[PDB]
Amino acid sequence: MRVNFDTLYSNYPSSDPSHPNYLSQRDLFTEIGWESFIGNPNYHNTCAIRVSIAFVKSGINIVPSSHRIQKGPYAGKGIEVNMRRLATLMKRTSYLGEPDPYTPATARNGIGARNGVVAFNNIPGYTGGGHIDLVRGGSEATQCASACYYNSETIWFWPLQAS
């Protein structure tokens, strides 16, 4: 599977108000027609929705999926809401294939100057699967589009760009 990282990133809605592509949970759910889930405690964790939307808008459908976009130009396209299930799907040879596995002490130098998709598995104090996001490697720091969780047990990196 071939993906342009700049296209994927341009299509990603961030949960970080500091980020140029910020979109609140309220606005994200409105865009895709999930207004009725806003503040439903099963839908607090948006990381896998946000990564699903980035792929769909870049012309890559998420199959299988737990849910579907209910409104707009991408109505009917698949959204995976569960971070563990999305990370599993991304691992398939038809999506991104085998990621580079890292530890907190190695993920920053492991990613390096590369850009791609990142999964932070088993975060201390959080019982969810963890966090999936887009990351840009730089000289100063790794920058995730929404949040980085180097407090995690393992970190999976799928490189898509080297620059």
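For every residue, the number given is its place in the sequence shown, counted from 1.
Participant: Tell me which stretch, 122 to 130 or 100 to 108, has the higher mean Cα B-factor listed in the entry.
Facilitator: Comparing averages over the C-alpha atoms only gives 122 to 130.
Participant: Is the mean CA B factor in the deposited entry higher across 133 to 141 or across 45 to 53?
Facilitator: Higher mean C-alpha B-factor: 133 to 141.
Participant: Sorting the chain's modelled residues by C-alpha B-factor, tell me whether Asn11 ends up in the lowest, middle or highest third.
Facilitator: For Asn11, the deposited C-alpha B-factor lands in the middle third.
Participant: Lowest, middle or highest third: which one holds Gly33 when the chain's residues are ordered by CA B-factor from the entry?
Facilitator: Its C-alpha B-factor, which the entry lists for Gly33, ranks in the middle third among residues of this chain.
Participant: Within this chain, which third does the Cα B-factor at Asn151 fall in: lowest, middle or highest?
Facilitator: CA B-factor rank for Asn151: highest third.
Participant: When the modelled residues of the chain are sorted by Cα temperature factor, does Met83 land in the lowest, middle or highest third?
Facilitator: Tercile = middle for this residue's CA B-factor.
Participant: For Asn115, does the deposited CA B-factor place it in the lowest, middle or highest third of the chain?
Facilitator: For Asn115, whose C-alpha B-factor we compare with every modelled residue in the chain, the answer is the lowest third.
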